[PDB]
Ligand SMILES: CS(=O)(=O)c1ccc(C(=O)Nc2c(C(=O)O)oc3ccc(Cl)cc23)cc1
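One chain is shown next in structure tokens, namely the form solved without the named molecule.
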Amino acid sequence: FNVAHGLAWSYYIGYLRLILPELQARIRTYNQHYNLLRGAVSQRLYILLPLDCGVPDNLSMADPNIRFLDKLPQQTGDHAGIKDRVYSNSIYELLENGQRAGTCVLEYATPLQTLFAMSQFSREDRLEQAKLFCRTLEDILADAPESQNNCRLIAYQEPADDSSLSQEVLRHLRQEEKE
């Protein structure tokens, strides 16, 4: 109950509070200096929350239609001993019927792999802690001033290896255009 609470706050306090306020400027810099009226990167950080807590230690999205396209201009800031601590972010192209249907900054919510490491608790405890985590992070980001149409939490659960994350994400980017 509290592991998930504490991880949400720490993720917000140790990471999002630091990268969110400048994300939208880095994104416009890319969108100018680089880059099609559909291939413009969404002005939002999209945060992947596998409910099964299986966050890959690489780029594997398992969704043939989510591909790495470019890195974002890196932000640098001093933080907690580390001079010019670098903040790396990655842009992904989203495809529908083999065509590029949009583009966004994507990454996984890494505190979840700590819940995975603690269940691999039981698998049902894993799931409830992932939900609590999502619900806490959503509420933190709601009252958080650094969070103003710059952040979307994509929580999902694939029922098997053979069962469309791309479509899910794509819906969120469509709703951005129609707004």
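The numbering used is simple: start at 1 and walk along the sequence shown.
Below: the form deposited with the named molecule bound, not depicted.
- Placed here by superposing the C-alphas around the site, the named molecule (as posed in the entry with it bound) has at least 3 atoms within 2.4 Å of backbone or C-beta atoms: blocked pocket.
- Stretch-level contact analysis of 121 to 129, 22 to 30, 135 to 143, 149 to 157 against the named molecule in the entry with it bound, using heavy atoms and a 4.5 Å limit, identifies 22 to 30.
- In the entry with it bound, the named molecule lies within 4.5 angstroms of at least one heavy atom of each of the following residues of 33 to 72: 33, 34, 36, in sequence order.
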